[PDB]
Amino acid sequence: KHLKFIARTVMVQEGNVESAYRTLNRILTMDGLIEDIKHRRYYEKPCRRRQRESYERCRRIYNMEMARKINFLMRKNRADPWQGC
Amino acid sequence: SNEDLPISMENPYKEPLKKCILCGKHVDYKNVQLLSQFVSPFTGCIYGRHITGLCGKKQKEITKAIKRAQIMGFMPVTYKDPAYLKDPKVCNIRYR
Amino acid sequence: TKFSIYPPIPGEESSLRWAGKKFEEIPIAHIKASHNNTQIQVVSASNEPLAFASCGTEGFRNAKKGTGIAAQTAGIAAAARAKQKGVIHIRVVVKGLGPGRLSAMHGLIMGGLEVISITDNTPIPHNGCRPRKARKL
Amino acid sequence: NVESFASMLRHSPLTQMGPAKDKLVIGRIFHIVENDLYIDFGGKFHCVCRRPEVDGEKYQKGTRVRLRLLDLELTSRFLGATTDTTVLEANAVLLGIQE
Amino acid sequence: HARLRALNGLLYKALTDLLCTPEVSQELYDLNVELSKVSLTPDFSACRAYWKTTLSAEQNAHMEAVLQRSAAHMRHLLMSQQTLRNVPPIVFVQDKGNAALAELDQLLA
Amino acid sequence: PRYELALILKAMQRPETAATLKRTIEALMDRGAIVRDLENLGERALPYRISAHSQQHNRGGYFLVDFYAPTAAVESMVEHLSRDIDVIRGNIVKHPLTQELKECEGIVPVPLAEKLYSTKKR
RNA sequence: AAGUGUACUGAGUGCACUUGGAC
RNA sequence: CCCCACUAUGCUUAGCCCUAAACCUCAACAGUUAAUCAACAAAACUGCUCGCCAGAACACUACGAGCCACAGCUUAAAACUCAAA
Ligand code: FES
Ligand SMILES: [Mg+2]
């Protein structure tokens, strides 16, 4: 019931349809529509969905913390300033 | 006794809390021009707080306003209305 | 003027044209890319069926239908039909995630129709029909 | 008439300086490793800056330099850590050589 | 085994669909990896995804590194999609069989 | 209490729209509402096609009838608006100004996630 | 994958639930 | 086990049945961080109250009883056996 071609439409620039399609697919993935489509191909039972969401949140937070720790401690990799000791 | 004894006082160097861009400003379900700022241009998906940079209260207020406008015919559902594309970009997104 | 990737506003004086035709007037090339088929339909702005094509029409059978070459052949055939009908420019709109999703556009271009706007219309249900349970092998 | 420790702390320049965010200080290079300049600035820890691409040769031991302090001590708590891990070095921006 | 063959076919299709999009990662998507085949170990202990290699050695190395880094995420994505209830660890193996044909045709030309 | 009636009316002529608004206010008064104020947001294209009374429309006139009514009158008003044909879509809400703008000092600090992992010696 | 409840069928399946499993 | 179609059933109303890994497997309330503690798990405890357990299996069983309105649930044993579980 909406207007057509306003949603998920990308104008091809100079005919590089490959680039335009890549941009469109990037948009879909960023908004998670591909996630929804491929997850809704089949029915995930509510228990499984809850477990999956909890696992995803835990993994996201763990990865964020690990990356932050790695970035924080990377500075110490500088060559030894007291070599020979 | 001794005048150099450190005193019990609250932190004066403490800075005020970083008010969210909407804090203290009333969100409304008719301000489509505002709500559009917090939805995906290409799909109309509502941006999460990690993208909108809004506290929980105002994020929930924006969500409710968006849903109300969408159901009452004030806002398009599947896309940010083109009339508001030139509005200031208030969402940390990097499509390009 | 610097380029923009949003579609032109319908009912707006947009200087953009193609052979003098306005964007809304340009025919629309629906592309349905399912898991086991790819179908193309170039239809006038009044949705007059101008050209139709599919892997079944091009003769690719069963599994062979889900191939980039089959999609390219379907696109080429649809392009030839539309050209015979008098079509030059086309607004591509696609749904589904079939393998020939891009090869269909490739074949259409190879058949000689200028794609001016790539659009998606995938039927994503907010919440509706409960999908069938998951396979197991 | 001997100043107490409390008085010394009250009148210490380091106490005079408030929070060490963005403050400007005159630090001193005291150890150089290739492109790494270890600058002490009177704080507990030193900052390991890098030789700026301009006037790099002018940066030599004992050189007095300008620093924008970001944190006297670089510390943070990791996932589940019972205490903050510190890298035993401040965080500062080298603004150039003071003259 | 027919079951193993069917599993290989389904996994090949699923992995191709996964790589069709940036779902796993934008970095992986930009590399445009093409999968030659999928083979499951007889005991179901591993799934080898044979991907076609390019001529550029640095590109091959970078693609291999990214694939190794993203294998676990791809496994999780499959198990979440329920394409297979249980998926063994995924191993990406370089494929170079077509080099013989290419260089033959070059010489024969 | 104080309600707001957001009313999308079928786009049409000035005398027609005036008659429809008069009829709506008459219905409200019969239902006992004390109509406070009438606002017009003009005509505009509906965000999405809306069907009503064996018909569909793409342009509509927006209005906001702010009023006070006994709680019971709301169901009757909804029924009346639904039955009316000149109304593309009518909705009734608690008037936003009734809700108090509770003041937030700002964004409170975010500590480490609340006990997302154990504290045992592990 | 395992199991709880429940029902059909003759160990599986259906619905929900738990991780006392993997990612 | 895979594919196709389809039924109970999932839905509304009006009534029934009362069982789940009905789980944060961590009872309510108050309090403490003082000296750590089988092990793992969700750091360890104090006070106070109620409920519950006294090896395993026999046994979510039999008998009786209640609800039923007759094919089931709740309550729940005994004998025999073993030095384990
Ligand atoms: S931060 Fe105060 S209302 Fe959002
Ligand atoms: Mg039925």
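Chains as they are written, first to last, in the authors' numbering: chain Q, 3 to 87; chain P, 46 to 141; chain I, 58 to 194; chain W, 76 to 174; chain a, 90 to 198; chain E, 2 to 123. We treat Cβ as the ideally placed atom computed from N, Cα and C, and that holds for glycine.
Beta-carbon spacing of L50 of chain P, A81 of chain W below 8 Å: yes
With a threshold of 8 Å between beta carbons, is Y57 of chain Q in contact with chain I? no
Based on DSSP bridge pairs, tell me the residues matched to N92 of chain E. E:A7
Specify the secondary structure class of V140 of chain W as computed by DSSP and reduced to three states. strand
Is it the case that the Cβ atoms of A70 of chain E and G43 of chain E are separated by a distance below 8 Å? no
Taking contact to mean 3 or more Cβ pairs, one atom from each stretch, closer than 8 Å, check whether the segment 99-114 of chain P and the segment 69-81 of chain I are in contact. no
Between which two residues does the beta strand (DSSP E) containing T95 of chain I stretch? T95 to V100
Could you run through the segment 45-69 of chain Q and flag, in chain order, every residue whose CB is less than 8 Å away from some CB of chain E? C60 and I63
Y57 of chain Q, DSSP secondary structure in three states: helix
Please report the Cβ distance between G61 of chain E and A12 of chain E, rounded to the nearest whole angstrom; I am assuming they are in contact, meaning their Cβ atoms lie under 8 Å. 6 Å
Chain a contact residues for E37 of chain Q, given Cβ-Cβ distances below 8 Å: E112
Measure the CB-CB distance between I181 of chain I and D38 of chain Q and report whether it falls below 8 Å. yes
Rounded straight-line distance, which links the Cα of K75 of chain P to that of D115 of chain W: 58 Å
Within 8 Å of chain P by C-beta, residues of the segment 60-76 of chain I in sequence order: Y63 and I66
6 Å CB neighbourhood of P178 of chain a in its chain, flanking five on each side removed: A135
Please find out if some non-hydrogen atom of ligand 1 comes closer than 7 Å to the beta-carbon of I133 of chain I. no
Please return the same chain residues whose Cβ sits closer than 6 Å to the Cβ of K89 of chain I, not counting the five positions on each side in sequence. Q96, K152 and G153
Beta-ladder partner(s) of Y69 of chain E, from DSSP: E:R3 and E:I35
Could you pull out every residue in the same chain whose Cβ sits closer than 6 Å to the Cβ of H146 of chain I, ignoring the five residues on either side in sequence? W75, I83, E171 and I173
Indicate, with yes or no, if ligand 1 has a heavy atom lying under 7 Å from the CB of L124 of chain a. no
Beta carbon of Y139 of chain a, beta carbon of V182 of chain a: below 8 Å? yes
For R138 of chain I, collect the residues of the same chain with a Cβ closer than 8 Å to its Cβ; drop the 5 residues on either side in sequence, then sort them by chain order. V99, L107, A108, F109 and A110
Between the segment 163-172 of chain W and the segment 139-147 of chain W, do at least 3 Cβ pairs fall closer than 8 Å? yes
Beta-carbon proximity list for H121 of chain W, same chain, < 7 Å, skipping 5 on both sides: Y113, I114, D115, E164 and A165
Note down, in chain order, every chain Q residue with its Cβ under 8 Å from the Cβ of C68 of chain P. Result: empty, since nearest Cβ-Cβ is about 26 Å, beyond 8 Å.
How is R45 of chain E classed by DSSP in three states: helix, strand or coil? strand
Give me the DSSP bridge partner(s) of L124 of chain a. a:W140
Among E:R3, E:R24 and E:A19, which one has its Cα closest to the Cα of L82 of chain E? E:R24
CB-CB length for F83 of chain P against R10 of chain Q, believed under 8 Å: With 8 Å as the limit, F83 of chain P and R10 of chain Q do not qualify as a contact, their Cβ atoms being about 19 Å apart.
Using the beta-carbon of each residue, which ones in chain P are nearer than 9 Å to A81 of chain W? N47, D49, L50 and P51
Residues of the segment 136-158 of chain W whose Cβ lies closer than 8 Å to any Cβ of chain E, in chain order: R152, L154 and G155
Taking 7 Å as the cut-off, does the CB of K136 of chain W come closer than this to any heavy atom belonging to ligand 1? no
Within 8 Å of any Cβ in chain a, is that where the Cβ of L107 of chain I sits? no
Would you mind telling me which residues of chain a sit closer than 7 Å to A191 of chain I, beta carbon to beta carbon, in chain order? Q171
Could one say the Cβ of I72 of chain Q lies closer than 8 Å to chain P's Cβ atoms, at least one of them? no
With a threshold of 8 Å between beta carbons, is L99 of chain a in contact with chain I? yes
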